[PDB]
Amino acid sequence: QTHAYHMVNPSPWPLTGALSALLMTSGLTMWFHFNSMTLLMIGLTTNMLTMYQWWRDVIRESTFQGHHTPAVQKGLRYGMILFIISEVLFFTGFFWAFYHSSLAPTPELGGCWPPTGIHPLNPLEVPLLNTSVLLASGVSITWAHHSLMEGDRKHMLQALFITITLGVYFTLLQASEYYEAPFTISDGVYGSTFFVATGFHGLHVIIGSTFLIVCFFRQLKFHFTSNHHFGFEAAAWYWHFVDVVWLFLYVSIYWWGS
Amino acid sequence: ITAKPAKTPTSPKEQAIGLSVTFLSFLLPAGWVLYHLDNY
Amino acid sequence: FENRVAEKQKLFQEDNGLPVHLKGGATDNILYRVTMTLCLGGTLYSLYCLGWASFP
Amino acid sequence: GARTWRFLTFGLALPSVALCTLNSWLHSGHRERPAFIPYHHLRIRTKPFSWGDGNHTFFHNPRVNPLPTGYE
Amino acid sequence: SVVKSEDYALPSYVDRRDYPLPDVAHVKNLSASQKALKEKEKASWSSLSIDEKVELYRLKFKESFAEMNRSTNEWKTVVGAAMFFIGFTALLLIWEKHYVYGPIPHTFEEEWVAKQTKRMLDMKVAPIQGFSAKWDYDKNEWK
Amino acid sequence: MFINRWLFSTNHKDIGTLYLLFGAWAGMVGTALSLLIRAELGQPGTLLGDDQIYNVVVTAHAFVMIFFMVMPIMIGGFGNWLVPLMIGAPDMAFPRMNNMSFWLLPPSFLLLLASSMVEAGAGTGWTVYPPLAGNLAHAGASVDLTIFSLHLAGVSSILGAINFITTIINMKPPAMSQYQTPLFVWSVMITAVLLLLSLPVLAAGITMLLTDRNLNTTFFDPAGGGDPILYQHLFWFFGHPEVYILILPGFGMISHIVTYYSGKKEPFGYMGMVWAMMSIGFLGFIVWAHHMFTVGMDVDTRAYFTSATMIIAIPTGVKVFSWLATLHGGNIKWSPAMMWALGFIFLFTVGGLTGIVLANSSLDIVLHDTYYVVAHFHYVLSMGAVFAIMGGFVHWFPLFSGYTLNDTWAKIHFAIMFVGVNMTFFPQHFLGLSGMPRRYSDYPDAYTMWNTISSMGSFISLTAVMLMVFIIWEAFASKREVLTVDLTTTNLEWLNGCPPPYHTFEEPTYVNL
Amino acid sequence: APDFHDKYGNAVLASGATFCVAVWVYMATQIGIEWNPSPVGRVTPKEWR
Amino acid sequence: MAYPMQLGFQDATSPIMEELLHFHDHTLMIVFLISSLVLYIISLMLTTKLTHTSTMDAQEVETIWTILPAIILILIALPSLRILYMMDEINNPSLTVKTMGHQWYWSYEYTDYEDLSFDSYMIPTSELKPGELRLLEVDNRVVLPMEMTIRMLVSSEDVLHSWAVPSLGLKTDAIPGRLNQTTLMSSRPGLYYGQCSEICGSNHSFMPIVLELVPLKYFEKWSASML
Amino acid sequence: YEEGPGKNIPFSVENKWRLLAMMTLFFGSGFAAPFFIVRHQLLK
Ligand code: HEA
Ligand code: HEA
Ligand SMILES: CCCCC/C=C\C/C=C/C/C=C\C/C=C\CCCC(=O)O[C@H](COC(=O)CCCCCCCCCCCCCCCCC)COP(=O)(O)OCCN
Ligand SMILES: CCCCCC/C=C\CCCCCCCCCC(=O)O[C@H](COC(=O)CCCCCCCCCCCCCCC)COP(=O)(O)OC[C@@H](O)CO
Ligand SMILES: CCCCCCCCCCO[C@@H]1O[C@H](CO)[C@@H](O[C@H]2O[C@H](CO)[C@@H](O)[C@H](O)[C@H]2O)[C@H](O)[C@H]1O
Ligand SMILES: CCCCCCCCCCO[C@@H]1O[C@H](CO)[C@@H](O[C@H]2O[C@H](CO)[C@@H](O)[C@H](O)[C@H]2O)[C@H](O)[C@H]1O
Ligand SMILES: C[C@H](CCC(=O)O)[C@H]1CC[C@H]2[C@@H]3[C@H](O)C[C@@H]4C[C@H](O)CC[C@]4(C)[C@H]3C[C@H](O)[C@]12C
Ligand code: NA
C-alpha cells in the first residue's frame, strides 16, 4: 500500500458483539417475562469479552504495530465526536420527556410540579456536592492532559488518579442518594424522569470512569507518547460530555424541577 | 456495456426450467397455507 | 514500572501470518474459543427459548 | 500549562469539593417521614417487578419508601 | 479484435454516435495486404477503389453510424412477454377465488342491494352531487 | 477461509454484498406480508378470521420493508460497495465496526420474527403507540421483542452513520474538496447525518415505552402524569427524518443513472443538487408534527407545521427539474436502469404532490388515518425507494458480479412492475378521499370495487418479484463476462474492472491542485 | 442475421396480447367476482321498511 | 356515507366541509397540472435525436424553478390557512356532547342538564335489518339537533381511538387523560356515518359512529326518553 | 482469496442447477415464512 489508512485483519469481534446484543436483548425479554436471568448473564459476559478483545486489538494495532498514522488518528477523532453527538441526542429525548411532563402537569399529579406527594431532594446538599465533584474532575483531567503533553509521567498519573477518584466519589454519592430517596421509579412521571435520566447519566459516568481506568493502566505501561495519545483524548472528551450532561440534569431536574 | 458470449449458455428449455422452478418455489408453499386456511 | 513497549512491538510485528486477535499467543486462542463458544451456545439456547415461548 | 491546571485543581476545585462535603455533612441525618397517603399517581404497579416479591423497587429503603399499602 | 478481461485499464474501442472518433482503431494488427493498403492510403485517395475505402473504414471502425443506430423488434418481445406474465397473474387470481376465498357477505345479494339502495335514497345519501342527486324523486327513476 | 472471508470480513465490497443478500431476503418477507394484507382486503368479509393477526402482518410488513429491505440495500449495500470506490478510498474508516453494523441485522430480524411467533404478536402499527403497545392492551413479550429489534437496528445504523460520515470527510484524495465528490456520496453523507441525529431520539422513546411496560414508569400513562402524545412526538421527531433517510440515497442513485444513460459527463446543476439534499435534510427535522394534526394540538402550531412542510417542495422541485435538465440533449440509452429511473421521477413526483395535499392540516383532518396516506407513501416511498433500488441494482449488478443481465428480461420485469404498483396503489386515493380508514381488516361494502382492483394489482407485482429472481439466476447461470464500460472518465467505481479486485486503491489516485 | 426478436417478436406480441385479454376477461366475468358497481342506472330500489 | 365506485369526498354536510371541497378542487388542479407537466417534459426530453452533451449553465433556470414553486405554495397556503382559522374561530355552541372511546365501541354523554349516557355498538352483520349497511350501523345512534352549533368533547377510557365523520369534516383523536374539543354543525337532517380512525386493536374495523340529525324538538324528546 | 466473476460471493455459481436449488431455498424460505407465521398464530 502507498496510502496511510489501516486495512484491518479479519476479526471475529463484530460477530461476537452482534451475538452478545442478541443474548442481552433476548435475555432482558427472558428476565422480564419468563422469570430467568440465564441468557442475560451469558449476553453480559460475551459483551464484556467482546469489548475487552476488540479494544485490546486496537491497542495492539496502534501502540504495538504502528498503524495509527495521522490520517487514521484524524478518522478516530471524527468517529468519537460523532459518537458523542449521538449520545447527546439520546439524552435530548429524556430532557424532552422531563420538560413535557413538568411544564404541563396533569390533573393526576394535582396539576402542579413537583406532583402532590413528591418531596424532592434538596439541590443544595448531595446534588450540589456531586456538581462540585464532576466540575473538579473536569479540572483534574485537564491537568492530566497538559502533564502528558509536557512529558510528565508522575503528574499525569496523579491527575488522572484524582479524576478517577472523583468519578468513583460521584458514583458512590449517587448510589447513596438512590437508596435514601423517598420517591422511586414507580412514583409517577416525577420518579420516571428522575431515575431514567439520572440512571442513564450514572451508567455513562461508570463507562467514562472505566475508560479513564483503561487510560491509567495504559499510562502505567508507557503506551502514550507526549504527542500520540488518542485513547486519553477520547476519554477526556467523553468525560467532559458526562460533566455537561450532569450540569443540564442539575439545573433542569434537581433545581428548576424542585 | 459490452460482454463476452455466455461461458455456460442457458438455452430456451433451460430458461423455462429455471423460470418454472423459481415460480413454483414462491407459489407452492404459500398456496398450501392459503388452501388449508379453513383447516387452521 | 519499566517501559517494555519495544518488546511488545517486536512480538506483534513478528512475521508469522497470525491475525492481530491471535498474535499474543496461546492465551488469545483460549479467550477466542471461550468467547465464540459462549456466543454460539448462547444463540442456540436463545433459539430453544423462542421454540418454548412460541407455544402456550 | 500543567502547572496552572494543577494550581486550579488544588487551589480552587478540591477546596470547592471540601466545602460542599462540609455543607452536605452538616445537613445529613434523617428527616421525619411524611404521613402515608395512598395517592393513585404514586407507587405505580402495572406489572410486577422482575425481582423479589414483585412489589419492591430495586433500591427499596423500608424507612422512606412505602409500598402501595403503606410503610412496612 | 478480441477484447480480453485483463485489458480493462487500457484505452478501448466504442461505437457511440456522441464519441465518433474512439481512442483506438477497431483493428490493431495488420496482415501483409492490410499493411500495403495503409501504405496506399498515404497516396491520393482518388486511387483507392470503393472496396479499399470500405476496408480502411472497417479497420478503423467496427459498426457504421447506420448499423450502431439501427432500430430493433425488441419492443414486440418485451410488450408480448409482459402481457403473457400479466395474463399468468390472472390464473393465480382465478386459483385464489376458487380455493382461498369463501362466500362474500349476504349484503351483496341482489334483493339486499335493492333495499339498501332505496334506504340510501330515503336518507338522501350524497344529495348534492354523488348519489341521491342522480335520482329523480318526482318520476321515481334514475335521471 | 470461508468463515474468515464472510463472517470476519473487514472488506467494504464483501460487506456490501452481505447487505444486498440480506435486503433481498428481507424484501421477499416484506412482499409476502404485503400479499397477505391485500388477500385479506381482496374481497369483503374476513379471510384470516383473526384481526389481531391482520394487525401483526401490517406491523411486520412496514418494519421489514423499512429496516430490513430499504435501509440495508441503499446504505449497507450500495453505500458500502460504491462510496469507497467513488472517492478512491481503500476501504471504510472503521472496516471492522462496519462488519458489526451488518451482523446486528440478522439478530434484529430474529427478534422481529420472535415477536410475531410468541403470544399474539405486536399488532400495533409500525408507530407502536401506547397505550395499545403498553403492558395492558399488549401484555406479554411481543412488543418488548419489537422494541429490542429496533434497538439493534438503531445501533447498526448509528455506527454505520459514524462510519460513512468519517469515511466521506476524512478519506477523499487530498486535492478533492467536498464539492468534487459525486452526488451519491453526498446523498449517503446527508442520510448518515440524519441517522446520527434521529435514531437516538427513537431509542430514547422506545426505551421509555420499555420501562413503562416492565419497570412501572409512567412516561406515557396519564395515571402517573404521563402523556401518550409525548411518545408520538419522540417517534415522529425520528420518523419524519427516517422518510428522508429512505429516499436520499435513492435520489443519489437516480442522479448517477440519469447522468449515465443520458450520455452526460455530469448531472445538471451539481451545486443546486447538493443544496437541495442539504435543505431537505435540514427541513426534515422541523416538520414532524404533520403526523399529529388530529391529536388536538393548537391552531398556530398546525399553521406552522403546514407552512414548514410545504417549503420542502422547493428544494425537491430543483432536484426533479435538474434530472429533467440532465436528460435534455442526452444521447438517451433506453437501458432497463434508465426505465427504472424515469419511472422513479414520475411516480416520486405524484407521491410528493399528494404529500403537499396532506401538508394542509385542514384537509389532513379528513385524510389522516385513511387510504389517502397509504397511497401517498406507497408512491413516494414504496415505489420511489423500490424503483431507485431496482435501477441501481440493474445498473451496478455487472460491476458487483462481473456478469451481465439479459436486458430484454430486465425490460419485461420493469413493465410488469410498473403496471402492478399503479394498479395496486392508484385506486387507494379514491378509497381515502371517500373515507376508508387505514389499518382495517374489512370495509363497508361501498369500498369493494377499489379494494378488489388494488388486490389484483398486488398479484401482478408478485409475478414481477418472481421474474426478478429468475433474471438474477439466468445471469449467474449464463456467465456473460463484462468487457467494456462507457463513461469510466466520470464513473470512477467502474475503472478497476468488473468485479474490482478485493483490494482497490492500494495505490491511491493522483489528483493535483 | 435475424435475432430472437426478428424471428419470434410478432408471435410473442400477438400470443401474449390474446392470452392476457382472454384470461383477464374470464377472471373478471366468469368466476363470481363481486365488483359491486354503482346502483345508479342499474338497480331498481325496493321497499325495505 | 360513501357510495360504490366513489372517486372523491363524500358530499358536504357542514359549511366547513363545503370549504374543504372547494380548497381540494383548487389544490387538485395544481397537482394535476404539475404531474402532467413533469410527464410531458419527460416525454419531450426523450423524443429527439438532437443532442447537447457539453456543460450547461444552471443559475438563470434555477431562479424560475424556485420562484414559480414558491408562488404556487403561497397560492395553496393562503386559502389553506384561511380555512384552518375559520374552523378554530369562536362559534358559541348550544349543546355539549362527550364521546368516550373503548375497545370496541363508543359511549356518549349529554350532561348539560340531565345525566344521559349510553353505549353505541356496531350491529353484527347477521343481525342487520333489510337495507341496513354492513359494518356501519349502530344499536344507539348519536341523536343531535340539526342547524345548531354543537361542541363535541372526545376522550378514551383505554387505548387511543379517533372519532371521525367524513361528511362533516371531523376527525378528533380520543386520548385517555385528555379532553379534545371539536365543533359540529349539520346544514341538513339525516344519518351521517364514520369509523374509528386510530388503530385500537383487533376490532378497530368494527366500532363505527352514526349521527342522527333531527329538529331540536325531536332531540329534546329523544333525550328525555333516553334517561 | 479468490478474485473475479463468481468468486467474490458467499455462494457457488459453478453449477447452474445447484445454484437454482440454493436460490429457490433462499428466496423461497423468506417468501414462505410469513405464511407459516400466520398458520402458526391461527393454530394456537
Ligand atoms: C420516501 C419517503 C417519503 C417521502 C420522501 C415523503 C415526502 C413528503 N411527505 Fe410523506 N409520508 C411517508 C413517506 C414519505 N413522505 C410515510 C411513510 C408516511 C406515513 C407514515 C405512517 O403514518 O405510517 C408519510 C406521511 C406524510 C404525512 C402525514 C399524513 C397523515 O398521516 O395524515 C404528511 C403531512 O404533511 C406528509 C407530507 C409529505 C411531503 C409534503 C413530502 C415532500 O417531501 C414531497 C416533496 C415533493 C414534491 C412536492 C414533488 C416534486 C416537486 C416538484 C415537481 C416541484 C413543484 C411542486 C409544487 C409547487 C407543489 N407525508
Ligand atoms: C419501503 C416501504 C414499503 C414497501 C416497499 C411497501 C410495499 C408494499 N406495500 Fe406497504 N406499507 C409500508 C411500507 C412499504 N410497503 C408501511 C410503512 C405501511 C404502514 C404500516 C402501518 O400502518 O403500521 C405499509 C402499509 C401497507 C398497506 C396498508 C395496510 C393497512 O392500512 O391495513 C398496504 C395495503 O395494500 C400495503 C401494501 C403493500 C404492497 C402490496 C407492497 C408491494 O407488494 C408493492 C411492490 C413492491 C415489491 C414487491 C418490493 C420489491 C423489492 C424487493 C423484493 C427487494 C429486491 C432487492 C434487491 C434487488 C437487492 N402496505
Ligand atoms: C448509581 C446509578 C447508576 C445506574 C446503575 C443501576 C441500575 C442498573 C443499570 C442502569 C442503566 C440505566 C437506566 C435503565 C433504566 C432504569 C434504571 C434507572 C436508574 C436506577 O437505578 O433506578 C432505580 C430503579 O432501578 C430499576 O428499576 C432497575 C432496572 C434494572 C434493569 C434495567 C433495564 C434495562 C433497560 C434497557 C436499556 C436499553 C438501552 C438502549 C440503548 C439504545 C440503542 C439504540 C431507582 O431505585 P428505586 O428503588 O426505584 O428508587 C429509589 C428508592 N430509594
Ligand atoms: C458497567 C457498565 C457496563 C457497560 C459496558 C460498557 C463499559 C465500559 C466501556 C468503557 C470504554 C473503554 C474503551 C477503551 C478503549 C481502549 C482502546 C484505545 O484507546 O485505543 C486508542 C484509539 O482510540 C479508540 O480506538 C477510541 C475508542 C473509543 C471507544 C469508547 C466509547 C464509549 C463506549 C460506550 C459503550 C456503550 C455505551 C452506550 C450506553 C447507552 C489507541 O490509540 P492511542 O491511545 O492513540 O494509542 C497509540 C499510541 O500508543 C501510539 O503512540
Ligand atoms: C400470495 C401467494 C399465492 C398465490 C397463489 C398460489 C397459486 C397456487 C399454487 C398451487 O398451490 C397448491 O395448490 C394445490 C391445489 O390446486 C394444493 O393442493 C391441494 O389441493 C389438491 C386438490 O384438491 C389436493 O390434491 C392436495 O392434496 C392439496 O394439498 C397445494 O397444496 C398447493 O401447494
Ligand atoms: C455455552 C452454552 C450456553 C449455555 C446454555 C445454558 C442452558 C442451560 C440453562 C438452564 O435452564 C434453566 O432451567 C431452569 C429450570 O430448571 C429455569 O429456571 C427458571 O424457571 C423455573 C421453572 O421451574 C422457575 O423456578 C424459575 O423461574 C427459574 O428457576 C431457567 O429459566 C432456565 O434458564
Ligand atoms: C512509584 C510510582 C512510579 C510509577 C513509575 O514511574 O513506574 C508512582 C508514580 C505515580 C503514582 C500514583 C499517583 O501518584 C497517584 C496515587 C497516589 C496514592 O497515594 C497511591 C496510588 C497512586 C495511583 C500512585 C501509585 C504509584 O505509587 C505511582 C504509579
Ligand atoms: Na377482509
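Using ideal geometry, Cβ is built from the backbone for each residue, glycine included, and neighbour counts are taken over all protein chains shown. Basis: the model, the stated rules and, where named, an outside source; these are not laboratory values.
Do you know which residues across region E:121-142 are within 18 Å of H:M5 (Cα to Cα) and more than 7 Å from every other protein chain (Cβ to nearest Cβ)? Talk me through it step by step, then tell me what you get.
Taking region E:121-142 and keeping what is within 18 Å of H:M5 (Cα to Cα), we get E:121, E:124-135, E:142.
Within region E:121-142, E:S132, E:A133, E:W135 meet the criteria.
H:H52 meets all of the listed conditions (1) out of contact with any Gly (no Cβ under 7 Å at 6 or more places or on another chain); (2) farther than 30 Å from H:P15 by Cα but one, namely (1).
Out of everything in region C:23-56 that is of a type in the set (F, W, Y) and surrounded by 14 or more Cβ atoms within 10 Å (Cβ to Cβ), what residue ends up being farthest from F:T10 (Cα to Cα)?
Our first condition is that a residue be of a type in the set (F, W, Y); within region C:23-56, this holds for C:32, C:45, C:48, C:52, C:55.
Checking which are surrounded by 14 or more Cβ atoms within 10 Å (Cβ to Cβ) leaves us with C:32, C:45.
On the way: C:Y32: 18, C:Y45: 28 Å.
Restricting to residues being of a type in the set (F, W, Y) and surrounded by 14 or more Cβ atoms within 10 Å (Cβ to Cβ), the top hit is C:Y45.
Filtering region F:45-100 to residues that are under 30 Å from B:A30 (Cα atoms) and aromatic (F, W, Y) leaves F:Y54, F:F63, F:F67, F:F68. Screening H:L81 on (1) farther than 19 Å from H:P166 by Cβ; (2) assigned by CATH to the domain that holds H:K217; (3) under 18 Å from the mean Cα position of the chain (by Cα) shows it passes everything except condition (2). Selection of region F:491-513 for residues being within 13 Å of chain E (Cβ to nearest Cβ) and surrounded by fewer than 15 Cβ atoms within 10 Å (Cβ to Cβ) yields F:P501, F:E507.
Of the helices (runs of 4 or more DSSP H) entirely within region F:350-435, those holding at least 3 residues that are in contact with a helix residue (DSSP H, G or I) (Cβ under 8 Å, 6 or more places away or on another chain), under 30 Å from F:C498 (Cβ atoms) and hydrophobic (A, V, I, L, M, F, W, C) occupy F:384-401, F:407-433.
Please verify whether region E:2-20 includes one or more residues that are within 13 Å of chain G (Cβ to nearest Cβ), more than 16 Å from ligand 2 (Cβ to nearest atom), outside any loop (DSSP other than H, G, I, E, B) and touching a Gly at 6+ places or on another chain (Cβ under 9 Å). No - not one qualifying residue is present in region E:2-20.
Scanning region G:1-45 for residues that are assigned to a loop (DSSP other than H, G, I, E, B) and over 22 Å from H:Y3 (Cβ atoms), which turns out nearest to the chain's Cα centre (by Cα)? Among those residues, the one meeting the criterion is G:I31.
Quick check on F:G42: is it more than 16 Å from ligand 5 (Cβ to nearest atom), more than 10 Å from chain I (Cβ to nearest Cβ), in contact (Cβ under 8 Å) with a residue 24 or more places away in the chain and of a type in the set (G, A, S)? Full working, then the answer.
Values: more than 16 Å from ligand 5 (Cβ to nearest atom): no; more than 10 Å from chain I (Cβ to nearest Cβ): yes; in contact (Cβ under 8 Å) with a residue 24 or more places away in the chain: yes; of a type in the set (G, A, S): yes.
The answer is no for F:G42.
Does F:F346 satisfy the condition of being in a helix (DSSP H, G or I), closer than 20 Å to F:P437 by Cα and within 18 Å of the chain's Cα centre (by Cα)? Show your work before the answer.
Working: in a helix (DSSP H, G or I): yes; closer than 20 Å to F:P437 by Cα: no; within 18 Å of the chain's Cα centre (by Cα): yes.
Here the answer is no, as F:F346 does not meet what is asked.
The residue that is surrounded by the fewest Cβ atoms within 10 Å (Cβ to Cβ), counting only those in region C:1-22 that are outside any helix (DSSP H, G or I) and facing chain A (nearest Cβ under 7 Å), is C:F1. Comparison of D:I44, D:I37 shows that the only residue that is within 26 Å of F:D221 (Cβ to Cβ), within 11 Å of ligand 3 (Cβ to nearest atom) and among the aliphatic types (A, V, I, L, M) is D:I44. The condition of being free of Cβ contacts under 8 Å to residues at least 40 places away in the same chain and either of a type outside the set (A, V, I, L, M, F, W, C) or away from ligand 6 (no atom under 16 Å from the Cβ) (or both) holds for only one of F:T167, F:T191, F:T217, that being F:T217. When C:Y48 is tested against the conditions (1) hydroxyl-bearing (S, T, Y); (2) at the interface with chain A (Cβ under 8 Å from one of its Cβ atoms); (3) within 30 Å of F:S116 (Cα to Cα), the lone failure is (2). In region B:1-30, the residues that are closer than 20 Å to F:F397 by Cα reach residues that are surrounded by fewer than 18 Cβ atoms within 10 Å (Cβ to Cβ) and polar (S, T, N, Q) with C-beta atoms within less than 6 angstrom, at least six apart or across chains, in these pairs: B:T2/F:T484. Residue count for region A:22-57, restricted to those that are facing chain F (nearest Cβ under 9 Å), of a type in the set (A, V, I, L, M) and either in contact (Cβ under 8 Å) with a residue 40 or more places away in the chain or away from ligand 6 (no atom under 16 Å from the Cβ) (or both): 0. The test for being β-branched (V, I, T) and within 30 Å of F:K265 (Cβ to Cβ) does not hold for H:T111. Scanning region F:89-128 for residues that are crowded, with 24+ Cβ neighbours inside 10 Å, more than 30 Å from F:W494 (Cβ to Cβ) and either in contact with an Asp or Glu (Cβ under 8 Å, 6 or more places away or on another chain) or among the small types (G, A, S) (or both) gives F:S108, F:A114, F:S115, F:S116, F:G121, F:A122, F:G123. Taken as a whole, the condition of being within 7 Å of another protein chain (Cβ to nearest Cβ), without any contact (Cβ under 8 Å) to a residue 40 or more places away in the chain, surrounded by fewer than 18 Cβ atoms within 10 Å (Cβ to Cβ) and not small (G, A, S) does not apply to E:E110. Selection within region H:59-98: residues that are more than 14 Å from chain F (Cβ to nearest Cβ) and not charged (D, E, K, R). The member of this set that is surrounded by the most Cβ atoms within 10 Å (Cβ to Cβ) is H:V97. Do we find that F:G88 is away from ligand 2 (no atom under 16 Å from the Cβ), assigned to a loop (DSSP other than H, G, I, E, B) and within 17 Å of F:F235 (Cβ to Cβ) in this structure? Taking the combined requirement at face value, the residue does not satisfy it. Here H:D112 meets each of (1) under 28 Å from H:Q195 (Cβ atoms); (2) in a helix (DSSP H, G or I) with one exception, condition (2).
Condition first: within 14 Å of another protein chain (Cβ to nearest Cβ) and either buried (at least 17 other Cβ atoms within 10 Å of the Cβ) or within 16 Å of ligand 7 (Cβ to nearest atom) (or both). Now tell me which residues in region A:203-227 satisfy that.
From region A:203-227, those within 14 Å of another protein chain (Cβ to nearest Cβ) are A:203-204, A:216-226; that's our starting set.
Matches in region A:203-227: A:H204, A:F216, A:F217, A:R218, A:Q219, A:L220, A:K221, A:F222, A:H223, A:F224, A:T225, A:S226.
Every residue, every condition in (1) within 14 Å of chain I (Cβ to nearest Cβ); (2) within 15 Å of ligand 2 (Cβ to nearest atom); (3) in contact with an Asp or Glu (Cβ under 7 Å, 6 or more places away or on another chain); (4) within 30 Å of I:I9 (Cβ to Cβ), yes or no:
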site	(1), (2), (3), (4)
F:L347	no, yes, no, no
F:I365	no, no, no, no
F:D369	no, yes, yes, no
F:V374	no, yes, no, no
F:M390	no, yes, no, yes
F:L399	yes, yes, yes, yes
F:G432	no, yes, no, no
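Exactly one residue among H:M45, H:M5 is on the phi > 0 side of the Ramachandran plot and at the interface with another protein chain (Cβ under 7 Å from one of its Cβ atoms), and that residue is H:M5.
Residues are listed down the side, and each one gets a yes or a no for (1) closer than 30 Å to B:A30 by Cβ; (2) out of contact with any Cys (no Cβ under 9 Å at 6 or more places or on another chain); (3) part of a helix (DSSP H, G or I):
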residue	(1), (2), (3)
E:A43	no, yes, no
E:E52	no, yes, yes
E:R70	no, yes, no
E:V78	yes, yes, yes
E:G87	yes, no, yes
E:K97	yes, yes, yes
